[PDB]
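In what follows, a structure is listed as structure tokens, so that the remarks can point back to it.
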Amino acid sequence: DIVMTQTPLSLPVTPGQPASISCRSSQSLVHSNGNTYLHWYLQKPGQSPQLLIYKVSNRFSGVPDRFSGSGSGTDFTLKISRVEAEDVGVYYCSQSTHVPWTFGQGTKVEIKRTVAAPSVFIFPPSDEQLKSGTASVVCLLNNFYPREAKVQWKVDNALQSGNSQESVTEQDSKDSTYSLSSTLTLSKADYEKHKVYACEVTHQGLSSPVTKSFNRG
Amino acid sequence: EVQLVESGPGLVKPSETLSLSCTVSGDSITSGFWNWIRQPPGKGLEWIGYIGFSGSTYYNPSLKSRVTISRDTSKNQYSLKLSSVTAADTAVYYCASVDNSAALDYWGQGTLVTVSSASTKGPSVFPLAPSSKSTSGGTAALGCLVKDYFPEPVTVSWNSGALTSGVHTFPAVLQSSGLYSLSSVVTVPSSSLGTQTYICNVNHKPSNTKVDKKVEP
């Protein structure tokens with residue numbers, strides 16, 4: 001297999017600033033017909049890859065002019081002259097010259113926008129779920145940046161551990177923020193035993209750690 | 001414009017039979033080359049093979065002779081079979097056309113296939129009700145907790161797709177039990193509660209689950 005290799009693997013960039021990605025192949029991609037079948041794809045958050053550039057330097061349909069590809073033989077580059085929030089996603093180089101066709105590892109472009117504090121919301125379990133013998137408490141951190149956020153659960157002021165999980169969205173292609181949901185799961189019996197439920201959030205954009213809580217009943 | 005749509009089961013047992021089919025619109029598959037590509041979880045892209053001009057095919061050697069691609073020209077469909085699957089074959093599978101530049105120009109939305117011996121299981125859907133614990137300034141948040149289903153994915157919309165602004169559907173988290181859980185939430189004006197009705201539309205195709213849950217304060 002022609003090994004295609006990409007650098008860097010993670011690419012943070014400030015909006016309006018240029019970005020470059022290097023792609024190497026293990027062998028020349030020059031076909032005997034004289035063409036070089038090197039292509040670039042972009043996979044935006046929550047969708048299929050799409051063709052960005054073909055045959056090294058040819059821009060595909062609707063691809064904004066800020067994107068350009070160059071290089072020859074085994075040494076290729078994708079340049080974005082000024083990055084926009086909508087350019088967020090994973091960029092892959094790929095070769096078509098030889099079978100099997102292969103892809104690079106992918107380069108994750110992250111947009112470095114202004115710091116934004118999360119809006120924090122807490123949700124007790126629904127009485128609908130309490131029937132089932134289980135209790136899920138949900139903490140929501142909405143529209144923040146950067147991604148680094150610390151959430152900790154306290155029940156009657158007792159630090160919790162091993163009974164919660166977090167999920168975080170991909171960076172939004174419009175406002176470049178993340179959101180995060182943390183769920184604390186107890187049995188109905190446990191949930192019924194304690195009074196104050198709280199999620200304490202720590203983040204760069206907060207003036208101090210923020211806690212949202214509620215009293216059972 | 002060419003459109004491609006993948007279909008088939010979302011769950012296969014180890015060692016059992018992966019079969020998917022791609023239905024093409026806006027072109028005839030009796031010309032050109034038609035492809036399968038896959039992407040394992042948070043993993044990058046792997047070209048599987050194509051079926052081309054006379055029913056001829058090429059398979060990536062990485063699949064070790066477990067793959068077969070075939071077509072039904074009368075229905076403008078082509079299909080993938082992958083034998084003796086293991087967890088390594090868990091992936092989103094895409095069909096895609098190739099053009100004259102030998103790039104992959106049009107892609108389907110892809111379909112997730114999970115290889116597991118666990119059983120199919122439909123989610124319970126619970127409200128995340130808006131309250132004073134989810135209202136700050138003029139903003140409120142509400143949502144749906146989609147709990148305890150297998151395998152992925154679940155789809156969530158709000159008000160049959162009328163409400164898209166402010167919606168975040170989080171990636172599913174795999175619970176220790178081996179079942180997935182996810183939340184979808186929306187931020188809305190506090191002034192809209194009681195005036196507007198919010199319903200989350202949940203779909204889990206692998207279990208035939210279709211649920212509409214009204215979320216109220």
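Residue numbers start from 1 in every chain, and the chains themselves are labelled A, B, ... in the order their sequence lines are given, proteins ahead of strands.
Proximity of B/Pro61 to A/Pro100: side-chain heavy atoms (C-beta onward) are separated by under 4.5 Å at one or more points. In this structure, the side chains of A/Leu140 and B/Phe170 come closer than 4.5 Å at one or more pairs of heavy atoms.
When atom types are taken as modelled, the side chain of A/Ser96 and the backbone of B/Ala102 share a donor-acceptor pair closer than 3.5 angstrom. Although no hydrogens or angles enter the test, the distance criterion places no donor-acceptor pair under 3.5 Å between the side chain of B/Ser134 and the main chain of A/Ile122.
In this structure, no portion of A/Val90 lies under 4.5 Å from any heavy atom of chain B. Proximity to chain B (any heavy atom under 4.5 Å) is shown, for A/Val99, by both the backbone and the side chain. Interface residue A/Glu166: only backbone heavy atoms are found under 4.5 Å from chain B. Looking at A/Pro125, there are no atoms closer than 4.5 Å to chain B (heavy atoms on both sides), in backbone or side chain. With a 4.5 Å cut-off on non-hydrogen atoms, A/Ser119 does not touch chain B at all. When heavy atoms are compared at a cutoff of 4.5 Å, A/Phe123 approaches chain B solely by way of its side chain, counted from C-beta outward. Looking at B/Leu142, the atoms closer than 4.5 Å to chain A (heavy atoms on both sides) all sit in the backbone: N, CA, C or O.
Counting heavy-atom pairs closer than 4.5 Å to chain A, the top-ranked of the candidates B/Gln39, B/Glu46, B/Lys43 is B/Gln39. Heavy-atom pairs under 4.5 Å with chain B peak, among A/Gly104, A/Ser213, A/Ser179, at A/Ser179. Residue with the most contacts toward chain A among B/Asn60, B/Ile48, B/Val173, B/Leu45: B/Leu45 (heavy-atom pairs, distance under 4.5 Å).
Residues B/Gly108 and A/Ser48 come closest through the heavy atom pair O-OG, 2.6 Å. Considering every non-hydrogen atom in both B/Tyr94 and A/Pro49, the closest pair reads CZ-CD, 3.8 Å. Counting all heavy atoms, side chain and backbone alike, B/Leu145 lies closest to A/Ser136 at CD2-CB, 3.7 Å. Considering every non-hydrogen atom in both B/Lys213 and A/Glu128, the closest pair reads NZ-OE2, 3.5 Å. Among all heavy-atom pairs drawn from B/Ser101 and A/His39, the shortest one is O-CE1, 3.4 Å. Taking both residues in full, the closest heavy atoms of B/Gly44 and A/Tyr92 are given as CA-OH, 3.7 Å, listed atom of the first, atom of the second, then distance.
For B/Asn100, the CG atom counts as loosely surrounded, since its 6.0 Å shell holds 12 or fewer non-hydrogen atoms of other residues, nucleotides or ligands. Under a cut-off of 6.0 angstrom, the local environment of CD in B/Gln109 is sparse, with at most 12 non-hydrogen atoms contributed by other residues, nucleotides or ligands.
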Q: Dump the intermediate steps for side chain to side chain donor-acceptor pair (under 3.5 Å) on B/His168 and A/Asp172, then the final yes or no.
A: CA-CA 10 Å; B/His168 293 296; A/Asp172 193 78; 5.3 Å; no
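If you take OH on B/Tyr106 and CG on A/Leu51, they are separated by 9.5 Å, rounding to the nearest 0.5 Å.
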